[PDB]
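Q: Protein chains in written order, with this note's numbering: chain A, 16 to 481; chain B, 627 to 1089; chain C, 627 to 1089; chain D, 16 to 481.
Note that the Cβ used here is the ideal one computed from N, Cα and C, for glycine as well.
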Amino acid sequence: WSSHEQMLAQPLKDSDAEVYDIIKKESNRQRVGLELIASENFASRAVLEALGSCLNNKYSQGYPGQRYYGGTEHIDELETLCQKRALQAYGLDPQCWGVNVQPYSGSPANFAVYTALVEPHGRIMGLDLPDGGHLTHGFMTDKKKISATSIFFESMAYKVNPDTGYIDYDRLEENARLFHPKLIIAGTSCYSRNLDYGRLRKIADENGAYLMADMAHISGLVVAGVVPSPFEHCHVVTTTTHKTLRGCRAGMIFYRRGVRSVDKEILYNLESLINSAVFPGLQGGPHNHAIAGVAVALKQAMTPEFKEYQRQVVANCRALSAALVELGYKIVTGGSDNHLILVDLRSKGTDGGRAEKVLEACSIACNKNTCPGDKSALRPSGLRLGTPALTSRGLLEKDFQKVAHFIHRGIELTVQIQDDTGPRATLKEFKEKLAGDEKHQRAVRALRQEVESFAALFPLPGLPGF
Amino acid sequence: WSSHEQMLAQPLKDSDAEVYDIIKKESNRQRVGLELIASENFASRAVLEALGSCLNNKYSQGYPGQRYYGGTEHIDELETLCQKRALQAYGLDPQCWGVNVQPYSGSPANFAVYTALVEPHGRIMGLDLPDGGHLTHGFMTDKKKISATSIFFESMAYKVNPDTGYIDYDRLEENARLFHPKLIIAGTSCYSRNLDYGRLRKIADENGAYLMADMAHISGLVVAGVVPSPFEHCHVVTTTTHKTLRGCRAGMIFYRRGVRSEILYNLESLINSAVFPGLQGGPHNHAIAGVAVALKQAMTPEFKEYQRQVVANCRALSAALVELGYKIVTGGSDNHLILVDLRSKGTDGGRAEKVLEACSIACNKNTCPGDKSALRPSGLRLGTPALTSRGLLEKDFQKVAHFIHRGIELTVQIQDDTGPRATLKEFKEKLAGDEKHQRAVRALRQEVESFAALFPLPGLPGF
Amino acid sequence: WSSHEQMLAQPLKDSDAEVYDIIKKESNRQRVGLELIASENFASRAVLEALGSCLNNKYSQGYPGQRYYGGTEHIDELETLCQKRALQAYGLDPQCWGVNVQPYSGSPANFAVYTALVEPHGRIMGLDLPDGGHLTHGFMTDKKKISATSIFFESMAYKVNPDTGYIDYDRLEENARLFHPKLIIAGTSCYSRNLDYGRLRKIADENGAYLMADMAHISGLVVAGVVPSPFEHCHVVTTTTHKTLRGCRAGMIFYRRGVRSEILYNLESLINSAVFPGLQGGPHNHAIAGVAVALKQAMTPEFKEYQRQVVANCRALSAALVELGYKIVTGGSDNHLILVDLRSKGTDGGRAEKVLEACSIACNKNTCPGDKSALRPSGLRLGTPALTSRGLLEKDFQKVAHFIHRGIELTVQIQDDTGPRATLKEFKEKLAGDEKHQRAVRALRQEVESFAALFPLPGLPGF
Amino acid sequence: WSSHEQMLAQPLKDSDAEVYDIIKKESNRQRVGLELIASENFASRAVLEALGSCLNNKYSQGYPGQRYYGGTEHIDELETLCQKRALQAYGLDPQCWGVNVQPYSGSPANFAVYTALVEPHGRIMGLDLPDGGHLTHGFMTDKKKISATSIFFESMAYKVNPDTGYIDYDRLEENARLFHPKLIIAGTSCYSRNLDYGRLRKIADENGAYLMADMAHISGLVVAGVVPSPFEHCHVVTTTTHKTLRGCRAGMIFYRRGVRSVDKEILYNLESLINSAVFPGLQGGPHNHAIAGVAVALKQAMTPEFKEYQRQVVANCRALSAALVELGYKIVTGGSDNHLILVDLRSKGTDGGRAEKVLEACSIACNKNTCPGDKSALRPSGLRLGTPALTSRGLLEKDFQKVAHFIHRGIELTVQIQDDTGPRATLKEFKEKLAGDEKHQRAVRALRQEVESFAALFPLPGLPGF
Ligand SMILES: *Cc1c(COP(=O)(O)O)cnc(C)c1O
Ligand SMILES: *Cc1c(COP(=O)(O)O)cnc(C)c1O
Ligand SMILES: *Cc1c(COP(=O)(O)O)cnc(C)c1O
Ligand SMILES: *Cc1c(COP(=O)(O)O)cnc(C)c1O
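#1: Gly-477 (chain D): buried (16+ other C-beta within 10 angstroms of its C-beta) or exposed?
#2: Let me confirm a value: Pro-637 (chain B) is counted as buried when at least 16 other C-beta atoms fall within 10 Å, else exposed. Which label applies?
#3: List the residues of chain C that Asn-833 (chain B) touches, going by C-beta distances under 8 Å, in chain order.
#4: For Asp-840 (chain B), verify whether its CB is less than 8 Å away from any heavy atom of ligand 2.
#5: Determine whether the beta carbon atoms of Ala-839 (chain B) and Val-863 (chain B) lie at a separation below 9 Å.
#6: At 4 residues or longer, what runs of the alpha helix (DSSP H) sit wholly inside the region 188 to 252 of chain D?
#7: Residues of chain A with a CB under 8 Å from the CB of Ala-172 (chain D): which are they?
#8: Counting contacts by CB-CB distance shorter than 9 Å, is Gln-103 (chain A) in contact with chain B?
#9: Hey, is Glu-169 (chain D)'s beta-carbon within less than 9 Å of any beta-carbon in chain A?
#10: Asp-36 (chain A): buried (16+ other C-beta within 10 angstroms of its C-beta) or exposed?
#11: Using a Cβ cut-off of 9 Å (strictly closer), state whether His-304 (chain D) contacts chain A.
#12: So the alpha helix (DSSP H) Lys-383 (chain A) belongs to, where does it begin and stop?
#13: Below 8 Å on C-beta distance, what does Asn-801 (chain C) contact in chain B?
#14: Please return the same chain residues whose Cβ sits closer than 8 Å to the Cβ of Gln-1039 (chain B), not counting the five positions on each side in sequence.
#15: Determine the chain C residues that contact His-1063 (chain B) at a beta-carbon separation under 9 Å, and present them in chain order.
#16: Which chain D residues sit within Cβ distance under 8 Å of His-136 (chain A)?
#17: Please name the residues in the region 107 to 131 of chain A whose beta-carbon is closer than 8 Å to at least one beta-carbon of chain B, in chain order.
#18: Determine the contact status of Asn-353 (chain A) and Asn-209 (chain A), defining contact as a CB-CB distance below 9 Å.
#19: Go ahead and pull the three-state DSSP assignment for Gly-1009 (chain C).
#20: Looking at the strands, I want to know which residues DSSP matches up with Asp-359 (chain A).
#21: Check whether the region 850 to 862 of chain B and the region 900 to 915 of chain B are in contact - that is, three or more C-beta pairs closer than 8 Å.
#22: So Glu-894 (chain C) contacts chain D; which residues on that side make the cut at Cβ distance below 7 Å?
#23: Only counting the same chain, and skipping five residues up and downstream in sequence, which positions put a Cβ closer than 7 Å to that of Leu-96 (chain D)?
#24: Could you tell me which chain B residues have their CB closer than 7 Å to the CB of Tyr-74 (chain A), listed as they occur along the chain?
#25: Report the residue from C:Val-936, C:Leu-1001, C:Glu-1061 whose alpha carbon sits nearest the alpha carbon of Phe-1023 (chain C).
#26: By Cβ distance below 6 Å, which residues in the same chain neighbour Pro-720 (chain B) in space, the five residues on each side in sequence not counted?
#27: According to DSSP, is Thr-254 (chain A) helix, strand or coil?
#28: On the CB-based measure, 16 or more other CB atoms within 10 Å of its CB, does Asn-72 (chain D) come out buried or exposed?
#29: For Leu-761 (chain C), which residues of its own chain have a beta-carbon under 6 Å away from its beta-carbon, when the five flanking residues on both sides are left out?
#30: Would you call the CB atoms of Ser-895 (chain C) and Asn-667 (chain C) closer than 9 Å?
What follows is the structure, given as structure tokens:
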């Protein structure tokens, strides 16, 4: 009873040794590994410190103008500030753009938008998952609706041309006339090229639909001006605050304000619809500590250092890509305009399914992903590789060329093991063959060692070993 | 780059002076004010430290043993551990109960459950908002569906008896037969009494519906065994991890496993699939560690003692207000809060909350079962969790009751000066634009803040 | 071809002997039986002749002045005329009322209205089936939506007070506030009392809902002014054109025009668009002519007198049964039918309807407000429209009451012989497989049919 | 009060002179006009006599096995008989096919099927309206759902290739994979070619969807074996009972029974779902007089005379088509396989919108319809012409060649008037110019005379001038 007050003041290290130890091991794992998973990054110490603030305590349902409770003087300064920085970072005129900074994450932001502009059973069109689309843009089969987007709304995907790897805008244009979407989504999870927002706006307008961009993956590149901005043609732009923006996990919803079209002119009614959908529609108390973190990240994102960082991200990807091509690997669309590339491993006689597991055992992180061709999702041919994470650690072109070779050594190893299993062997048997065969296990150990020694050469953003 | 590395290692104080200053002022505001808003609390230093961990960086869609990406060895140890502590804290047998610890907050947890068990347009019944219910349990008018629960599903509320302030279980029993709910919700935002879970389970079973408890507000009291547990009769229990549980903001979904009545439970896979890949993306592992830390602290006898104190304080605050002539809805409370009917003093919570706020006494308005209009709620909701975390005891809450009373008297004054009939905007002007009054506020604020500064403020060292 | 032309000019008797024979036997069955099924009637020769017209051949999608195809000069004269007579028959000012005469039947008319005013998942409230409501007003269980109304829309029933047999308007008033209906239905399939349309309009307005009356059963009584008109308080009135109106099978949708409360009515275009191109295709013009013919006949004093006789007969039949010791739900009736609670004789409508059928006395079972099980309805619904069209008067219905009584006694007998507890299939065996009994049936059938043959059978000359 | 009994026995002629007169004028209109509207026909006297039977009186909700009331001995003989004849007429084995004969019309039958197999918001794919599809197969715009099919369900149309006029099965195959239909509809309102049911079954099976044929327009041709049967590949076949089947207005639902697929095999659950949807789902008391009419029509449809009639129907269409082609008219898909043709009037510098009204004034009935090309529905280029109606009146090839010339004289007249109005004149102005200009009005009168004199040469099926 007396120690209750001490309990509240006791550091994590002393209070919960078990959780503390987990964080420590995790921190060390991140340090000695090579992060190539495209959606991964490292938040700055500043951002992380914001999350532990007393901002966790205040309930502030509503918005700066109208909150359900009082005592929000400072919470209001914060959310207002965060909104100012968000618009600023993207060179947006507050008279043409507004922004909601309360979404809990990327998926919640998207859903708030659908709930506001689409409504139950409204039609939505998004990039097909196997072609690089995201779950939240629609995901269903001929017998079931899996994603909440597909469950509560009516979704239909649009594909990429498998012979070029590019989104087939022509086919989408024709299909939109028959499907009658209320909203079209411009955003991807695994696509290395810029999106033709202008074309998509024409198609959207033609069908009277809204054009929503989900820039989650390129949000950081956009700020630095390294890839064309989606704010030029879209009505709404959703995004995560982590990934390439490098903040804590959260989301934001940018929306247009003012005149939409002439004749006499009609206006944008996006603002109130979106805000009401976020609250009291879908969420409760906003997570202010996360809003401060996002704010901090937005300030850092406007610095020339961040600008230079993003140029480096894209340059590294180009270098990594060229080095892999020189090694004989096939890159979808032949290359990239951004931070990632999709490597078609068919060019090496294997698949991303087996490759990702072998590379993981070597402490090289990345993930499998189907290539536009692929006649089966149960054996994706590609590997998605992104440069954001390692670039935040200071890796430059030369470093990524060395990384390309580690990955290659990995693919060679994966091929070795596969040939040692059989043509009709299962992924489970493959994984087991890799775990219980000292022969391959020796190869793994040796490559892991080089991979981790090379990784330890670079700093690990965050708190002092936390 | 030279400076790029340092930008990422730089402290918040130096990196972003503006945000830092805001936190500082906020920290100070919390310190000198008296927090009586029932859903507020103070997270421990340990919990807050977890949020700043490198756990922020890892993407772990899926679940332990079912991850999309590799490299989740430690994230798995964490989520698994968090689940173990969640079941443990509530004395739940892992063969009868399972738990999802990925919800981003209270509302997201509820929605995941509806999406899993109810499905589009499925019927849901919950306590009517004006009678103390929560938005996420249903909120619509005769012309519009406001809450996402009411938009994507078909909701119908059940009311409390305005003459007793208690949920009218009889009427709910009759209406369930006509409405045919697929799910009934047992949980509140402003109700001072224990819920008759057993009765609700009978009604749910009768209609073949699921009984979901939303213990967000009493989750902490439940752990300490200070109020009956909803795990005894419900099929599912959702909850926030903050509020009375005192963790960081997040949510959890407890669900039954095993035999239901041979017929088994299919809750687990439905709920997990709804959370992901259904509604969410990457879980927030730093928040999961925070919840884990909070669950360990919640099993300590200190936490147990804390919760007893919370309820004792509420009883004391309640008695002191009754002695001062205030009317408490249902006459008293079984938990951490009370709904004070200000009609007994000739005013409303709408005007009272603003005057008390100006005096640095935080609380909020809320309609009382009677109330013939939501635009003039008669009550004030007051909770003891926050101040109890600061060490306040019965004697302290009696002093607090007096400050609140001085406040009510002041609100009434600004009311007599405005006339028996005046808008709320007129009242506020008289409050902020009257020598004697703005002066009255200043004087009470001073005493309120001096008394408040006598107690410690949980959290990180010095902001 | 030589014979092809004649095949199309050939009479039914020569063309299809098998179908012809069926009609003949059916015609004879109708002649020698006693029709007491409340929804049955006999269409006049004039009405039937219209159905065989060349009006069958013309496709006229759309409406007068709004046709898809040309060549509708006469179809337009017809539909326009039919609309004029419909409004006229009910004393409706064409500036306050409009009417759609294309519905294929009663159910299609109701559905068109829901589709127009309610829309997918919109809420609808109607009388509970077991309390005398109609399928199309809502029909679902706790596990399944059976009626298309319950499948495409969200329905919730309102009940009658089992102690009085009257619709409990108070409870409906309270439930409407919680359910938030978009449309409330005033109409029944088995209810002997007038509906409190005024009360229902107050409740509808309070919730901003539309009040739709489904007068299918009393449409004829309404025309003759024998029961209060639903056109006084409702916004929409749907109806079958057969039953008590005595036309061919079809339906109509009456809707208000002008000012509702400035706010006007938008019913017309919504309803018309829902019927077409919404739900139907080419209208059945031969049926529209039949309805027109029936509406002209319905405005004659002869029809007026007929309807008075219908209600008088019901009163007489009712009194004779009461004198015989039978219990009538709500004690009596205001219209053409009565619901007889057979519990007062130790049996149920389920067994009674089958025995009476075997005696050539037609009627059907129906649950009484009390009834603790639909698998053993206690009542028998009896209507006087059909026999009244055959000329039966009070004295005749008293004789009919006795035949029915002899029937009930017989059903009870087959019941005593089967034991206080026996399935329905056992009862039927004893009925058809017992010297004394099948013999009892034969004897009563004979008297029933001899008495029935004393009256004329409306329709075409000789089939 | 006394005459009440007389009132019930009074003939229509004496009872309601006004309605009687209308029928008479209508009967005469049908006699002197030339019916080319593809969905029109003339019911036989036998069929019409059935409609006036005492069958109008009996309420029989439910089905032969289970009715809500008793006294259905004969109604049961009737519905049972009608079902037997329906299956028989189409050479269907009652162990593989079942049939519901209670639908009130064509549209109600389709809706009962959607309600049974698709369910609320289920996806449905049908031929696009402007390409010859039917309303009940789906009809919506980018802002509104008009047809009840589009309101209660989620529909998406599939188009015909505008360069060939044929349904583009390839595109439909691709789109079905993205749309995930639960049911695909094979049926048309204005399409002159046979449907590739086999191809559609492959596509349906691929997506696990049901294949429903709506043979309303070719139902009669199918019975006579003049066009391939949809019962060979479809799971369900809906149809009107009038149109080419020549019965009274009603509808039927044919559905498969027995084994569906192997592996071990799964069965068809269509029967109970469809029956329950019709009742107590959507309808109330069946219209027995209409069921007898359908029965009578089904018996007549199995006669060699009917068989010969249908061959004549198709031969006439071929002749009408050739005569119009020789006159320089463009027929969509170049010709027809059935009872109708879609004439593209662009080949004559006018549209079906103006043409249908001029031809109507000349007592030549037909209707406008957009041609696959058409860049606007507000000016459809085609005229749909069917031969069923006139063929029932005995018209043969020579007769249809004369009809082709009357129609041509009509088109020439329509062109004359249009040129007399202006390039940007409205259809309303065109219609008014045709009604208030004695010059054109004289042309109309003269052609009408020839048209009606020639029409009076043939018999008019039905009752003696009724
Ligand atoms: C990652 C990603 C998301 C999901 O973000 P969460 O924060 O995990 O919920 C949504 N959309 C796109 C385009 C993404 O890349
Ligand atoms: C507070 C509360 C919630 C909402 O929690 P959030 O974390 O704000 O999103 C849900 N349900 C009940 C019963 C509550 O008290
Ligand atoms: C009979 C009846 C109906 C149904 O009419 P149908 O013509 O059978 O389709 C609808 N509503 C009420 C109130 C009825 O009595
Ligand atoms: C005509 C037609 C219909 C409509 O029939 P109705 O009886 O008018 O309701 C439905 N489907 C198709 C394919 C048609 O040709």
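A: On the basis of the supplied data:
#1: The residue in question, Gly-477 (chain D), is buried, as its Cβ has 16 or more Cβ neighbours within 10 Å.
#2: Result: exposed.
#3: Within 8 Å Cβ-Cβ: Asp-768.
#4: The answer is yes for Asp-840 (chain B).
#5: Result yes, Cβ atoms of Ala-839 (chain B) and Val-863 (chain B) sit closer than 9 Å.
#6: DSSP runs (the alpha helix (DSSP H)) wholly in the region 188 to 252 of chain D: 212 to 221, 234 to 238.
#7: Going along chain A in sequence order, the residues near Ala-172 (chain D) (Cβ under 8 Å) are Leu-193.
#8: Chain B places no beta carbon closer than 9 Å to that of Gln-103 (chain A), leaving this residue out of the contacts.
#9: Closer than 9 Å to the CB of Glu-169 (chain D) there is at least one CB belonging to chain A.
#10: Exposed, because fewer than 16 other Cβ atoms sit within 10 Å of the Cβ of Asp-36 (chain A).
#11: No, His-304 (chain D) lies away from the interface with chain A (no Cβ there is under 9 Å from its Cβ).
#12: Run containing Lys-383 (chain A): none in the alpha helix (DSSP H); it sits in the beta strand (DSSP E), 382 to 384.
#13: In chain order: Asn-801, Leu-804.
#14: Result list for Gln-1039 (chain B): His-1063, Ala-1066, in chain order.
#15: Ordered by position in chain C, no residue passes the 9 Å Cβ test against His-1063 (chain B), which lies about 41 Å from the chain.
#16: Near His-136 (chain A) (Cβ distances below 8 Å), the residues of chain D are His-136, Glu-169.
#17: Against chain B - using a Cβ distance shorter than 8 Å - the residues of the region 107 to 131 of chain A are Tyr-119, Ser-120, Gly-121, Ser-122, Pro-123, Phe-126, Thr-130.
#18: For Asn-353 (chain A) and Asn-209 (chain A), yes; Cβs fall inside 9 Å.
#19: Under the three-state reduction of DSSP, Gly-1009 (chain C) is assigned to strand.
#20: Residue pairing from DSSP places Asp-359 (chain A) in a beta bridge opposite A:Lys-345, A:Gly-397.
#21: The region 850 to 862 of chain B, when compared against the region 900 to 915 of chain B, does not touch it at the 8 Å Cβ threshold.
#22: In chain order: nothing, as chain D lies at least about 17 Å away.
#23: Around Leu-96 (chain D): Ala-310.
#24: Within 7 Å Cβ-Cβ: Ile-663, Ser-665, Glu-666.
#25: Measuring from the Cα of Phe-1023 (chain C), the nearest candidate turns out to be C:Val-936.
#26: Here the set comprises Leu-713.
#27: If DSSP states are grouped into helix, strand and coil, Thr-254 (chain A) belongs with the strands.
#28: Burial check for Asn-72 (chain D): the Cβ neighbour count within 10 Å reaches 16 or more, so the residue is buried.
#29: Cβ within range, chain order: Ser-773.
#30: Note that the C-beta distance between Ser-895 (chain C) and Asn-667 (chain C) is not below 9 Å.
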